[PDB]
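Next up: just one chain, as structure tokens, the form deposited in one PDB entry.
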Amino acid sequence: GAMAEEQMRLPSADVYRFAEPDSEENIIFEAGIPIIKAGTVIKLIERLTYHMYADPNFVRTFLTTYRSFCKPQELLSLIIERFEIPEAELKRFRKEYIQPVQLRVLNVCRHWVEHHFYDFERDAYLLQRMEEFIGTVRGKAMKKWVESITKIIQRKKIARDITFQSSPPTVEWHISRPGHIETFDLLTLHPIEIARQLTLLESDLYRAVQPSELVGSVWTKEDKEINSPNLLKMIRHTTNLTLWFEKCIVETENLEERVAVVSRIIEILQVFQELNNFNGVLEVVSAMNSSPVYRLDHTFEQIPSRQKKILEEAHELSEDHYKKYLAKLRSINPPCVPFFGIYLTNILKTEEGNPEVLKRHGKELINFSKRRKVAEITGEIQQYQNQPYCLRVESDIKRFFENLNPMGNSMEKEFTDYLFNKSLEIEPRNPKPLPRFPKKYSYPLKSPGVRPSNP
């Protein structure tokens, strides 16, 4: 009948793999555009280039997350296989099936090269594969798609190899003067300017992270450096700044000097708060909560009450699954640098909390809802990625913070053991006595404060 007339108009299974019937054994949906829960890769590709309607949500999310279940080489071949459909009925079949599916495939190619060129930048063979495919396309409406895609391939070819709206404030200095990079340090640089330069650095690092770097826990795999470079730069910066804060504290063995170091780092946090760099606030909080620093009760004692409160209120941002942090983040306007660590925590819970596959009628379907959920979290990341700061770069201070290496030649575990042993040395556990230590700093320790220029 008329049901068979639709299917028999389409190609049979012996000549074409992307036209088998929709069923409980190959595809599952969660009225309008149906949201695909799970399915085999063949059925996911079919829906990615479906003839009845455009699915821009599915295209975006598929291309962001497909590497967790399908290689780029495998994907390119499957969309070419979808494209090469075997041929009044012929004229209607060309009208309603061949032309729209071929239009949808090229839209996927256009999206792929525009938004995920790094695949083609990684694999040289994948690019010349993609260009050869687009080269062999002859059609009426198909010509401007070929020009539009090859336009973008040229834009990314040249891309392979700052302006302010308002007047940015004066770069502030303290002990170290412009150019004297050998004297640059925590207490010698201006605290305001340390916060500004770290925020600019972290903002740039936040903005460079792409969605695919976070999918499938690929930053903790054998192939992490090419799959997740910007992500790894962000994580490593945080590691290096946090351990550097801890090192500055615990290697200051004189109590009164250590109090000054801690107080200065609290001031850096205060300026991060003014800038809405929440990444920076929680790096300071992490450093202050770490095993070596948190146990220094004698250092805590001499911190002014108002600074104590600032740290205590900053910690409380993290309590109850970051409730107050999330409310603070929604309440502010740009520019900001969101706390990056929460996205990794929630992505890991989603990855670990949902299975790779779903069984239905004794066959393993790919869990696409798992990928979309991860992609929804990366969507939140992206909405804070176009927020430039009205702040002037200082190249020497930037370079200093970009090249932090507190661990030196040590391993992380080894260095954090050293930090804790150093903590025990400077403030021994009770009932052992507290020894006095000599001063290490020859310059004045009084801070210049966090109020900028223009009295």
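One-based numbering along the sequence shown. If you superpose the two forms and keep the largest set of C-alpha atoms that fall within 1.5 Å, you have the rigid core.
As for the form deposited in another entry, it is not shown, yet the points below apply to it.
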Item to complete: For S12, state whether the C-alpha moves by 2 Å or more between the shown form and the other one after rigid core superposition.
Response: yes
Note to self: Following rigid core alignment, is the displacement of the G179 C-alpha between the shown form and the other one equal to or greater than 2 angstroms?
What the structure shows: no
query = When the two forms are laid on each other by their rigid core, does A208 show a Cα shift of 2 Å or more between the shown form and the other one?
reply = no
